[PDB]
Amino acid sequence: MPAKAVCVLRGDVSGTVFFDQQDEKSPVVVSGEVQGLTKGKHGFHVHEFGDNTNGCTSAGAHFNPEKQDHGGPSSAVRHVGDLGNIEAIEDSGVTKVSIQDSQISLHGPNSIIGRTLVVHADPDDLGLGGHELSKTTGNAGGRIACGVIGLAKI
């Protein structure tokens, strides 16, 4: 039955992101809002741990229960938490989040509940950037905003 999750992002950028899933087997629909982003593409990933003891750093790496290399959302090889990029059209504006993903879930082994959503400083190169961080982080640089993913009402 329908599950909802929510994430309150804070840091250099901020906003609230929602996760909706109709049933166990359906894709997770990501909606909501990120405000204050610099114009351009920003890496948008679910990280392994819901640990905020050391800023966004203690979130660890991208959520990766299948133990794969980094990729884009449509890559054959990807981390479960690989949600690609969100793109700010202009500076200091409000960016709408609109993603549908079949790998992340709000139930089971791929559940993102109690993990961390992280917005990065730089574009995610989808594992195709050719340099050494590309197959782990997408070379998406620093962690500009994060929050723990919580269970939400209705």
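Throughout, we count residues from 1 along the sequence that is shown.
Checked against the record, the higher mean CA B factor of 44 to 52 and 83 to 91 lies with 83 to 91. Here 122 to 130 and 109 to 117 are compared by their mean Cα B-factor, and 122 to 130 comes out higher.
Per the deposited record, the Cα B-factor of residue 65 falls in the middle third when ranked against the other modelled residues of its chain. When the CA B factors of the chain's modelled residues are split into thirds, the value for residue 154 lands in the highest one. When the modelled residues of the chain are ordered by their C-alpha B factor, residue 104 lands in the lowest third.
Compared with the other modelled residues of the chain, the Cα B-factor recorded for residue 31 ranks in the middle third.
Residue 6: CA B factor lies in the lowest third for its chain, per the PDB record.
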